[PDB]
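Chain identifiers are assigned alphabetically (A, B, ...) following the order of the sequence lines, protein sequences preceding nucleic acid strands; residue numbering begins at 1 within each chain. Worth knowing before you read on, the calculation uses all heavy atoms, side chains too, and leaves out hydrogens, waters and symmetry mates.
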Protein chains: 2
Amino acid sequence: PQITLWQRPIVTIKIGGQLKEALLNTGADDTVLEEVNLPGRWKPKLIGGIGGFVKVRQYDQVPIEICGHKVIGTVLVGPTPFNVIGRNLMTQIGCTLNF
Amino acid sequence: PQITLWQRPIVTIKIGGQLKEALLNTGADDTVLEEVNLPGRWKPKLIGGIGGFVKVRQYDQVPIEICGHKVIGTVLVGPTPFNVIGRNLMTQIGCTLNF
């Protein structure tokens, strides 16, 4: 798709056979999602940092679907004001900024 | 241009005859820049909010140049970890997300 930016670019994602909404966020390096149960091993990751860091669980090579594009990438699971798709997954779907 | 997202999408902007670097940030509603002196009237605006709000100066209809696109829009002037071009200016330059 081509997504204009007059509104927040919120899209539907499919992760662990669960449908979710998330923000396509070019200001975010990483993808962070709340309240998903992902299987298998993970390692702790510290994110944020301003005022302190937030610990989240880093899951690698997670299958995720974003607007019918099935891709694989790192998903951080932990508290977030809103679910965020970061650059790490946007590169996988071949998403670019254009003007 | 077409800007891929393997690195942070930092671009050069020209504002008040000063060259600056700023992040094209689709997760940001507004444009916030540090250490620019803009002329004329402004009104206070509260932004952020999580843990408290940050007061900034809102300047309207500011001429700004982003990658040789001369546009007009609201610029918030105040403290920011990094200068941010938000959706409000991306719509003006006709910037879209594409995949």
Determine whether the side chains of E21(A) and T12(A) contain a donor N or O and an acceptor N or O closer than 3.5 Å. yes
How about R8(A) and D29(B): do any of their side-chain heavy atoms sit closer than 4.5 Å? yes
Side chains of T80(B) and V54(B), heavy atoms from C-beta outward: is any pair under 4.5 Å? no
In terms of heavy-atom contacts, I50(A) and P81(B) come closest through CD1-CG, 3.7 Å
Could you tell me whether the side chain of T91(A) and the main chain of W6(B) form a donor-acceptor pair under 3.5 Å? no
Answer with yes or no whether the hydrophobic clustering places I64(B) together with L24(B); edges join I, L, V, M, F, W, Y residues whose side-chain heavy atoms lie under 4.5 Å apart. yes
Rounded at 0.5 Å granularity, tell me how far CD1 in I93(B) sits from CD1 in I66(B). 5.0 Å
Testing the basics here: between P63(A) and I72(A), what is the closest heavy-atom pair and its distance to 0.1 Å? CA-CG1, 4.4 Å
How close do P79(B) and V56(B) get, counting heavy atoms only, and between which atoms? CD-CG1, 4.5 Å
Please list, chain by chain and in numerical order, all residues satisfying side-chain hydrogen bond (donor to acceptor under 3.5 Å, both in side chains) with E34(B), sequence neighbours excluded. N83(B)
Restricting to non-hydrogen atoms, name the atom on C95(B) and the atom on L5(A) that form the minimum distance, rounded to 0.1 Å. O-CD1, 3.5 Å
Would a 4.5 Å heavy-atom cut-off, applied to side chains only, mark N25(A) and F82(A) as touching? no
Count the heavy atoms belonging to other residues, nucleotides or ligands that lie under 6.0 Å from NZ of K20(B), then report whether that count exceeds 12. yes
Considering all heavy atoms of both residues, which atom of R41(B) and which atom of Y59(B) are nearest to each other, and what is their separation? O-CD2, 3.7 Å
Using a 4.5 Å cut-off on heavy atoms from C-beta on, say whether the side chain of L33(A) contacts that of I13(A). yes
Under 3.5 Å donor-acceptor, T96(B) side chain and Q2(A) backbone: no
Between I3(A) and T26(B), is a side-chain contact (heavy atoms from CB on, under 4.5 Å) present by the stated rule, with each step listed? CA-CA 11 Å; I3(A) 303 170; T26(B) 63; over 6 Å; no
Any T74(A) side-chain heavy atom under 4.5 Å of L76(A) side chain: yes
How about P9(A) and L23(A): do any of their side-chain heavy atoms sit closer than 4.5 Å? yes
With a 4.5 Å limit on heavy-atom distance, are the side chains of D30(B) and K45(B) in contact? yes
Contacts of type salt bridge (charged side-chain N to carboxylate O under 4.0 Å, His left out), residue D60(A), not counting sequence neighbours: none
Take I85(A) and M90(A) through the test side-chain contact (heavy atoms from CB on, under 4.5 Å) and record every step on the way to the result. CA-CA 7 Å; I85(A) 305 301; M90(A) 288 186 280; 4.1 Å; yes
Applying the 4.5 Å side-chain criterion to the ILVMFWY set and letting contacts propagate, would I47(B) and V75(B) be lumped into a single cluster? no
Any side-chain to backbone donor/acceptor pair from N88(B) onto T31(B)? Under 3.5 Å, distance only. yes
Closest non-hydrogen contact found for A28(A) with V84(A) is CB-CG1, 3.7 Å
According to a hydrophobic-cluster definition based on side-chain heavy atoms being under 4.5 Å apart (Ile, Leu, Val, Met, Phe, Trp, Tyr only), do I15(B) and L89(B) belong together? yes
